[PDB]
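Protein chains in written order, with the authors' numbering: chain A, 1 to 168; chain B, 1 to 504; chain C, 1 to 168; chain D, 337 to 504. In this text, a Cβ means the ideal position worked out from N, Cα and C, and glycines have one as well. Note sheet for the following structure.
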Amino acid sequence: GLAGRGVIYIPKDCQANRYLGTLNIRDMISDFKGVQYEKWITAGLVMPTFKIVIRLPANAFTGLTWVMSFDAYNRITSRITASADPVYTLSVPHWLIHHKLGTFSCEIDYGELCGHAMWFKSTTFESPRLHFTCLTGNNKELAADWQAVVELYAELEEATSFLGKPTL
Amino acid sequence: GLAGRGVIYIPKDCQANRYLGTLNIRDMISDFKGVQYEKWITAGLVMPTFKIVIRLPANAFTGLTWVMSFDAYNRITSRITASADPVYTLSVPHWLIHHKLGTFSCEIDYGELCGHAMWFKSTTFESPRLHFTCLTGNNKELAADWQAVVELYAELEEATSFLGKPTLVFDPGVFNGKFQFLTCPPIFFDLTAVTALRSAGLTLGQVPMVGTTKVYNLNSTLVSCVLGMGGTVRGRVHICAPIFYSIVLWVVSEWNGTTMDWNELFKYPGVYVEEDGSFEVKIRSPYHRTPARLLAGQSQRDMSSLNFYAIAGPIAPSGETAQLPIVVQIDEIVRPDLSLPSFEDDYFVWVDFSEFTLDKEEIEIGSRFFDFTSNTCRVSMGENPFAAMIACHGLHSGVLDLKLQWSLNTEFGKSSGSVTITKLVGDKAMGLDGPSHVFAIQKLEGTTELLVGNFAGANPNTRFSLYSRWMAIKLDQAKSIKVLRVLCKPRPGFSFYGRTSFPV
Amino acid sequence: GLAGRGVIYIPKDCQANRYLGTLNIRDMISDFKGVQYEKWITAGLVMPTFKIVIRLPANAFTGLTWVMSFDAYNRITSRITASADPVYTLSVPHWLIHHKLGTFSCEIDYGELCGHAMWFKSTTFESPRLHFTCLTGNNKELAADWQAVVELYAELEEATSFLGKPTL
Amino acid sequence: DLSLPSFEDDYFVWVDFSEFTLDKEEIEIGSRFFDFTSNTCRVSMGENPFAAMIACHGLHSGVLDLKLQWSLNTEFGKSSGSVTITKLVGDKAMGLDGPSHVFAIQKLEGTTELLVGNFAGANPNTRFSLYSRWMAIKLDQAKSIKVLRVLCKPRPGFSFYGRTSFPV
């Protein structure tokens, strides 16, 4: 079920390399609060499989392409907040979001992409983030500012181990 | 049949921690004297299985709970004859005696709990004792002084061997997760409080203390063999108060502090406790495990704890004033999530010698593994689980492989002399010559084996004189050595007999 | 699962007819808030079957007997708050709680005992209450003030109809 | 069509210590694989794929076999002292004594194992404090050493969790 949510704001002129914002995965779940959030408090530890959904009006007339970057260990945040160079945004697990395709979806096995289970009361190592940046800009500015909605879907259950399976 | 007997005297006001007395097991049998005592004289050696019975008028109106402590090696006696702290009395094999249950009985397989056979004519190592202490006191004094009777039942037969079967065999990679004789000191709840919290730390490798005194014991020693643990704590709770006292507890695990929100508290996976019974609580932690021991400046509450929340009561009729005591026993970690063992099958530090004041130095080892002292140089002893295991058993026996390492204090080019390992059978005065070994100082290292044992089969954790192999380290140019380090690695089958404790 | 909770405060001298307090059933669920509370928001309407549990140290030496009164329509509250006559407290569905028996439990089929489904956002008719009163007092005062815990257990699911089945 | 692997299953350089200013030097390692710094000597860190892999994952865990090599700065005949490897469980203050090891300086080389991990199971690529085994290198005649080289060779099964990146 829907576990958490958040909002990204798009400027009417979204240019290449623009930083759009960062959502904090754990805050999305706790601010929502949340049938899943409440299951989480009881579990203590969770190793979710998330479905991330970005709701987004499909449009073939802009040329806009964005990048969602999964930064579980907070490694690029510092260097992208004025301007998001693609070298940073593509250096962690990431997904291309094409405006022509509209609403976007992907799966994040937190066990693989992250590796440690989430503790309900506080961040253990660093706080897992989703960054949204613009990879290719619009051909001309749009009519007005707008927003996209980011949603986390998950069925949280208690984690049996602290560590996931090793990526490498 | 009845083999021996004795009497414990209870004061009308039996307060928590009162020492009630010590019975000497061999004196109980010899003073009685005794169809069994007379069978014993003929056997010479006995390895009894005792049934101990404490006769005791059952009463549900006192709240009294006592502890019988089996101290076969006389390790806690000195520390409890004034007032008997629970950390001492629970650090050796022991049994809770609840007043509500009346007459009490248990079995002592002297082969396991003790390990050596009893000699009819005299004590061999130390004299085996039973200590009686009060764990939780009476709610109000009783009408008068009284007594309880202690009885030993056994069918003594001649012992075939000197040594029992070993309680424990050394292995770094083996701590199951099951415990015996792990009892927490009593936790108390005031009745002047509508709710309350009492924490019990789950950092079980920590060595317990009484003031400045460290009380080494087998359980904490075992836990220290691991880096940390997760899983479910299975145990029993005893409510040690009169029938007219009552309480309801929420028992749950929390990490680093406690929540202040009653609603969050009840979203955790805990259990309710209304009465004597067993419980299972999941160890709660961001890492699913809590560390076995603490670092410098860390507190036990910083980690995973077992929390006892009084959510209704305790209540009692007026005008009672006593607190309501809870005694917790931890039986095992079920469905365990263990860390790596803290030690591998490797060497570890036994002792460093340094700061030599004389060129001629001779360190006698003999057949013992023990703490050194010197007037002529600086001794630095190692602290590790193996040394603790030596301290927490009455007897031990095995073989240690030694590695000697040393660095020079003078210039290498000027160096002369040797680290010599004298190996004898007997003693320095009349011994036979074994695999003695001269390491020229320039080798800078050497190896040897050490037999920890003797003709009888095992060593007590004291000084003793029993014919065996004998070892010594002889320095002739000691001032040329900056440090002599001795590492050891127990050969498989290093054995320990009779679990006990060791206050320092 | 645990759906809501509350606390009743008991005086060292708990005399016959003392009002001990009132818990508001919907507030118990919303203040807890609550895996069940969150399920409720999505359902909109719920017709629960509650298990009520009163946690309570068993004691044979007091003579204390309490009454839990289910007042779904708030008809006796006004008249019992200074002192509770048993005629009021026993005039609505109710249960005797004997101190000798310790922790107490019962089932409330909200469909029968109440009749209308609960709306997540606000009280529809009147706000359903549990009253706790002392029916027979202690033989002598106890050592100190204490408390009992009241817990609501339920698996809330969406209600199909507004009305229950008629009691009569 | 691949070339040979660039590295074989062999040791590689972790760190060189040189230019010691004090005779007493103590390098704390603990349970981490990381970049050293010193005010009292020159640290030269190795750059290789293993170190990059450490940097490009959120967590890692494994065992490193170490080879220590050193050459003398003073005349061999005048040499004294040792490279000592302190091995503890815990920390310098309250730890237990493991397979600590005294290499007379004339040995000119020594070997040891290093656990990279802790009770929780894995290390982040930052400073952290989690109970584990603890290692240190202790020089007493450090000015007599021209270079102390530390090579490592990961034991099979050295594991990395959660791919990420590392800007410097």
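Roughly how many whole angstroms lie between the Cα atoms of residue i and residue j?
{"i": "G111 of chain C", "j": "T49 of chain C", "result": "8 Å"}
{"i": "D352 of chain D", "j": "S199 of chain B", "result": "48 Å"}
{"i": "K360 of chain B", "j": "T65 of chain B", "result": "59 Å"}
{"i": "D109 of chain B", "j": "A154 of chain B", "result": "10 Å"}
{"i": "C377 of chain B", "j": "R289 of chain B", "result": "43 Å"}
{"i": "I25 of chain A", "j": "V281 of chain B", "result": "30 Å"}
{"i": "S78 of chain B", "j": "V92 of chain B", "result": "14 Å"}
{"i": "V46 of chain C", "j": "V215 of chain B", "result": "59 Å"}
{"i": "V452 of chain B", "j": "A458 of chain B", "result": "8 Å"}
{"i": "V399 of chain B", "j": "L450 of chain B", "result": "6 Å"}
{"i": "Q15 of chain B", "j": "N138 of chain B", "result": "6 Å"}
{"i": "residue 253 of chain C", "j": "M28 of chain C", "result": "Residue 253 of chain C falls outside the range modelled here, since chain C spans only 1 to 168, and no answer is possible."}
{"i": "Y73 of chain A", "j": "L202 of chain B", "result": "30 Å"}
{"i": "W146 of chain C", "j": "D331 of chain B", "result": "32 Å"}
{"i": "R485 of chain B", "j": "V149 of chain B", "result": "54 Å"}
{"i": "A472 of chain D", "j": "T420 of chain D", "result": "8 Å"}
{"i": "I76 of chain B", "j": "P286 of chain B", "result": "39 Å"}
{"i": "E38 of chain A", "j": "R499 of chain D", "result": "29 Å"}
{"i": "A456 of chain D", "j": "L197 of chain B", "result": "28 Å"}
{"i": "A193 of chain B", "j": "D261 of chain B", "result": "18 Å"}
{"i": "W470 of chain B", "j": "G431 of chain B", "result": "8 Å"}
Exposed or buried, which one is residue i when buried takes at least 16 other CB atoms within 10 Å?
{"i": "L96 of chain A", "result": "exposed"}
{"i": "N384 of chain D", "result": "exposed"}
{"i": "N461 of chain D", "result": "buried"}
{"i": "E141 of chain B", "result": "exposed"}
{"i": "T81 of chain B", "result": "exposed"}
{"i": "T89 of chain A", "result": "buried"}
{"i": "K423 of chain D", "result": "buried"}
{"i": "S339 of chain B", "result": "buried"}
{"i": "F369 of chain B", "result": "buried"}
{"i": "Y9 of chain B", "result": "exposed"}
{"i": "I41 of chain B", "result": "exposed"}
{"i": "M229 of chain B", "result": "buried"}
{"i": "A144 of chain A", "result": "exposed"}
Residue i lies in the alpha helix (DSSP H); which residues open and close that run?
{"i": "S220 of chain B", "result": "218-223"}
{"i": "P490 of chain B", "result": "No alpha helix (DSSP H) holds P490 of chain B; the beta strand (DSSP E) holding it covers 481-490."}
{"i": "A387 of chain D", "result": "385-391"}
{"i": "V248 of chain B", "result": "Careful: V248 of chain B lies outside any alpha helix (DSSP H), inside the beta strand (DSSP E) at 246-255."}
Thinking C-alpha only, which one of the options is nearest residue i?
{"i": "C392 of chain B", "options": "B:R284, B:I187, B:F170", "result": "B:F170"}
{"i": "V53 of chain C", "options": "B:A312, B:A82, B:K360", "result": "B:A312"}
{"i": "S161 of chain B", "options": "B:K100, B:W119, B:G417, B:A16", "result": "B:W119"}
{"i": "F502 of chain D", "options": "A:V87, A:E141, A:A58", "result": "A:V87"}
{"i": "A296 of chain B", "options": "D:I441, D:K414, D:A429", "result": "D:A429"}
{"i": "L20 of chain A", "options": "A:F132, A:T167, A:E158, A:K165", "result": "A:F132"}
{"i": "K489 of chain B", "options": "B:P208, B:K403, B:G431", "result": "B:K403"}
{"i": "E355 of chain B", "options": "B:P492, B:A478, B:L306", "result": "B:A478"}
{"i": "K12 of chain A", "options": "A:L113, A:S127, A:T62, A:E126", "result": "A:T62"}
{"i": "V237 of chain B", "options": "B:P325, B:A193, B:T195, B:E151", "result": "B:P325"}
{"i": "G235 of chain B", "options": "B:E107, B:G177, B:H396", "result": "B:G177"}
{"i": "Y347 of chain D", "options": "D:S407, D:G382, D:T373, D:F412", "result": "D:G382"}
{"i": "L475 of chain B", "options": "B:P57, B:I441, B:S318, B:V504", "result": "B:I441"}
Is residue i near the ligand PLP, with its Cβ less than 7 Å from a heavy atom?
{"i": "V399 of chain B", "result": "As presented, the structure is devoid of all ligands, the ligand PLP included, so that no description of it is given."}
If you follow the beta strand (DSSP E) that residue i is in, where does it begin and where does it stop?
{"i": "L152 of chain B", "result": "146-153"}
{"i": "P325 of chain B", "result": "324-338"}
{"i": "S501 of chain B", "result": "501-503"}
{"i": "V379 of chain D", "result": "378-381"}
{"i": "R129 of chain A", "result": "129-136"}
{"i": "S91 of chain A", "result": "Per DSSP, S91 of chain A belongs to no beta strand (DSSP E) and is neither H nor E."}
Problem - Continuous beta strand (DSSP E) assignments of at least 3 residues falling wholly in the segment 426-451 of chain D - result: 437-440
Practice task
Please specify which runs of the beta strand (DSSP E), each continuous and at least 3 residues long, are wholly inside the segment 8-75 of chain C, giving them in chain order.
Solution key: 19-24, 49-55, 65-71
Practice task
Can you check the segment 262-298 of chain B for any beta strand (DSSP E) of at least 3 residues that lies completely inside it and give the ranges in chain order?
Solution key: 271-273, 277-282
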